[PDB]
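Just below is one structure, and these are the notes that go with it.
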Amino acid sequence: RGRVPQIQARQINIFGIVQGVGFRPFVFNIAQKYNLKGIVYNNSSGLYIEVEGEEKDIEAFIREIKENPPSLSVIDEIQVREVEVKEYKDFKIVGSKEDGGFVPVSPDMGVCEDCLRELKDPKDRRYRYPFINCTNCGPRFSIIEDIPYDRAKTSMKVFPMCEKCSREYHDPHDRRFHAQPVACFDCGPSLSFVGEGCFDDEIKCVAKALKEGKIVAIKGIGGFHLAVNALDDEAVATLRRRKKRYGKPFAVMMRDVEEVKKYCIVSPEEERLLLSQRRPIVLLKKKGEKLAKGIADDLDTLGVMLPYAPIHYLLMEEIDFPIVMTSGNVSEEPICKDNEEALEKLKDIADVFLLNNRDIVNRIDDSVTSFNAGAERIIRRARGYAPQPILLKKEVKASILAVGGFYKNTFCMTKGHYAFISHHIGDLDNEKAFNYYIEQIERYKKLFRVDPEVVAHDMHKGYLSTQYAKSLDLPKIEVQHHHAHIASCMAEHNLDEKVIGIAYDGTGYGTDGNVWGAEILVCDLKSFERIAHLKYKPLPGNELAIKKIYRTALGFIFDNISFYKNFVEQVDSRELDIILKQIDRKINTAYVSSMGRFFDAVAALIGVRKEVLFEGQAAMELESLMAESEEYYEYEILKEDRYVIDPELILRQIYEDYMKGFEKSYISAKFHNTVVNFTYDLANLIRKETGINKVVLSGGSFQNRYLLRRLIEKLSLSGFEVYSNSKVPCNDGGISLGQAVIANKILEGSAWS
Ligand SMILES: Nc1ncnc2c1ncn2[C@@H]1O[C@H](COP(=O)(O)CP(=O)(O)OP(=O)(O)O)[C@@H](O)[C@H]1O
Ligand SMILES: Nc1ncnc2c1ncn2[C@@H]1O[C@H](COP(=O)(O)CP(=O)(O)O)[C@@H](O)[C@H]1O
Ligand SMILES: [Fe+3]
Ligand SMILES: [Mg+2]
Ligand SMILES: [Zn+2]
Ligand SMILES: [Zn+2]
């Protein structure tokens with residue numbers, strides 16, 4: 001009697017990052033709330049739900065999912081179907097099913113506020129538990145072997161739950177209800193300290209070593225890192241000597257935003273990036289108090305991160321100083337991920353070790369990011385970001401592997417509407433880096449069920465990535481480097497039309513046998529036209545000039561030597577003769593149009609540096625010292641087949657300023673403004689010719705905050721719609737995404753079968 005129940009059934013599939021986020025317990029709880037019966041389980045394509053009940057209750061259930069999905073979920077699609085009623089008697093979370101699809105994998109996540117409260121609560125049984133996590137935080141990618149996500153397919157598979165954790169797991173009122181990684185002191189991983197004898201707890205042993213000025217190798221989420229007191233001058237010097245990493249700045253971990261603000265300017269948008277559970281290193285302008293010498297000498301920025309694992313919060317209560325965190329490897333080798341590996345490879349580097357017995361399946365570096373010109377500008381996309389895919393507007397024609405470049409390598413694999421760009425792999429410069437690259441390609445193919453049908457690669461035949469591409473038994477598409485930079489940005493912004501592409505970087509292989517890197521293109525995703533570039537200058541020695549930048553300067557001034565007397569006289573007389581003869585005789589000489597080399601020529605000419613320890617160092621120092629000015633240098637654009645600007649004419653005025661006694665800061669500002677001004681002028685010329693109003697800025701020179709912001713502002717004020725990289729780097733870390741979407745566009749055209 002009364003209202004007759006009307007029972008309906010719906011099948012619901014949810015796609016995206018929808019596993020390892022506590023979606024199963026969430027669904028269970030809202031299904032109970034709305035008196036629905038049925039089942040939920042992880043399948044190979046995401047999340048599968050069957051619910052039966054009143055239509056009104058099903059609708060409210062769906063609305064709850066849409067309105068407040070789990071915190072770590074990144075839902076891309078929800079499918080809802082009417083199905084027949086089975087007369088389920090209850091609602092249950094059931095076993096996972098492998099049905100042959102594929103599903104995205106969550107990045108590793110920083111400790112949530114609930115776990116942090118429990119960690120610091122002396123009455124909680126997880127008080128000071130170094131591996132505390134829950135459905136809303138902790139390692140994911142780093143410990144996942146396979147999908148559908150479940151404890152048995154993670155390195156927690158060798159840590160069976162104790163009776164207490166199992167009770168929590170099976171208790172619908174517990175916040176760890178069906179939490180796949182649930183563990184505790186009794187059943188979970190443990191720390192292991194190796195050094196000298198210490199009778200204190202492991203974290204305290206680490207704190208003491210750090211206070212004594214020693215180097216600690218710490219097993220973290222993505223691999224090992226080496227730490228020292230960032231206020232300790234000699235400790236930092238010792239770390240640099242032992243790692244053999246002498247120039248590149250060190251990132252530092254600080255306890256909280258309050259501490260960071262003592263050393264850095266922190267905007268609200270930068271504060272948001274720091275505090276994100278993604279927990280990257282964020283590049284921040286220095287202000288106020290100073291860290292030790294040898295952290296970031298001659299730069300105006302510091303790379304800062306906050307604690308991201310429970311061990312960091314524990315360590316922070318024991319020390320009163322920020323710490324260097326640099327990856328645990330000898331310079332130029334992949335980050336160590338295994339205990340045995342670390343103890344062997346870091347034996348002459350670290351003084352003591354903080355190990356643990358939770359296997360790292362997939363090693364991954366810290367991410368490096370920033371906020372500039374109204375958006376996040378990522379530099380190194382790794383822990384906390386990768387392996388989250390870039391969303392494509394349309395499903396792909398077929399799966400493509402894009403092999404990436406040489407510097408800062410990533411590869412990218414497409415499937416469905418995702419571009420799975422890999423985490424940062426590193427400079428593909430040696431056998432160890434290459435072996436690691438190769439293994440990551442195999443692991444991403446397995447993890448995401450990708451079987452590449454076509455391989456995309458750079459035109460540069462010397463990249464190990466290119467050699468790898470050619471080694472495969474697949475059709476190949478070659479992609480010009482600068483075209484790929486522009487396409488990487490187009491991909492993020494769903495652009496698929498001809499844009500004005502400003503591709504500024506150090507070196508990319510051009511189609512005319514020369515080095516490119518200061519190019520203006522008109523391109524879409526399937527072609528490019530080169531419209532403008534810098535007048536080619538000889539670069540004697542090729543790889544030698546990368547680090548001996550006075551050689552780059554000599555190349556830029558080769559045909560007007562007598563003008564730069566003071567500079568040329570500083571070069572050793574015999575070496576000078578040889579360099580000039582080599583240029584003249586075309587011995588080991590490349591011809592370059594390059595914003596990176598232009599920057600190096602300026603830095604050398606005004607005596608910033610004559611030699612550099614790492615690629616781009618001189619350009620970073622030049623940017624860091626710049627003054628506040630609107631002044632700039634005269635330039636000339638000559639139009640023949642293409643528009644060309646001669647950088648040497650600008651170098652003449654720079655050297656004139658230098659001889660007169662102008663401050664380096666002022667000269668740098670004038671130089672930066674000149675590049676902005678001529679680039680703007682070229683863009684306007686091109687718009688007048690073509691009607692094109694979209695401008696894309698990419699290539700590693702746009703890591704320069706000033707160039708990027710000023711050009712975006714100036715172009716925007718003149719009506720352009722301006723785009724630059726945000727989710728992937730404008731440096732070579734982003735190249736694989738551009739290669740992927742270019743090759744994909746070609747596949748769907750008439751010029752491919
Ligand atoms: N102030 C700053 N500005 C720009 N980049 C910074 C920075 N501080 C740190 N970084 C970057 O953050 C990254 C930290 O990584 P590390 O592990 O310390 C060295 P790496 O580049 O991976 O090579 P290596 O491990 O082979 O020596 C480096 O690329 C470094 O240049
Ligand atoms: N702050 C900066 N200002 C100006 N140029 C920079 C800055 N940082 C890096 N660059 C330039 O960008 C280059 C890196 O460009 P990428 O596109 O990553 C590598 P490639 O030049 O091989 O294509 C560096 O070698 C340097 O020449
Ligand atoms: Fe590049
Ligand atoms: Mg490193
Ligand atoms: Zn948590
Ligand atoms: Zn337990």
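Start at 1 with the first residue, then count along the sequence. Every number for a ligand or one of its atoms is a count from 1 in the order of the listing.
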Next on the checklist: Ignoring hydrogens, what is the shortest heavy-atom contact between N29 and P25? Give both atom names and the distance.
Outcome noted: OD1-O, 2.9 Å
Item to check | Minimum-distance pair of heavy atoms, taken over all atoms of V403 and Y468 | outcome: CG1-CD2, 3.9 Å
Next on the checklist: Could you identify the N, O or S atom of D732 positioned closest to the Fe ion (ligand 3)?
Outcome noted: OD1
Item to check | Closest approach to the Fe ion (ligand 3) by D505, given as the N, O or S atom name | outcome: OD2
Next on the checklist: Checking side-chain polar atoms at under 3.5 Å, does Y706 have a donor or acceptor matched by the opposite partner on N372?
Outcome noted: no
Item to check | Chi angles and distances behind the side chain to side chain contact (heavy atoms under 4.5 Å, CB included) call for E168, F177 | outcome: CA-CA 6 Å; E168 291 179 322; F177 184 61; over 6 Å; no
Checklist entry - Once you round to the nearest 0.5 Å, how far does CD of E615 lie from NZ of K547? => result 10.0 Å
Next on the checklist: I'd like to know: is the Fe ion (ligand 3) within the 2.8 Å range of an N/O/S atom from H482, strictly under that distance?
Outcome noted: no
Checklist entry - What is the SG(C137)-the Zn ion (ligand 5)-SG(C115) angle, to the nearest 10 degrees? => result 100°
Checklist entry - Which angle, to the nearest 10 degrees, do you find at the Zn ion (ligand 6) between SG in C165 and SG in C162? => result 110°
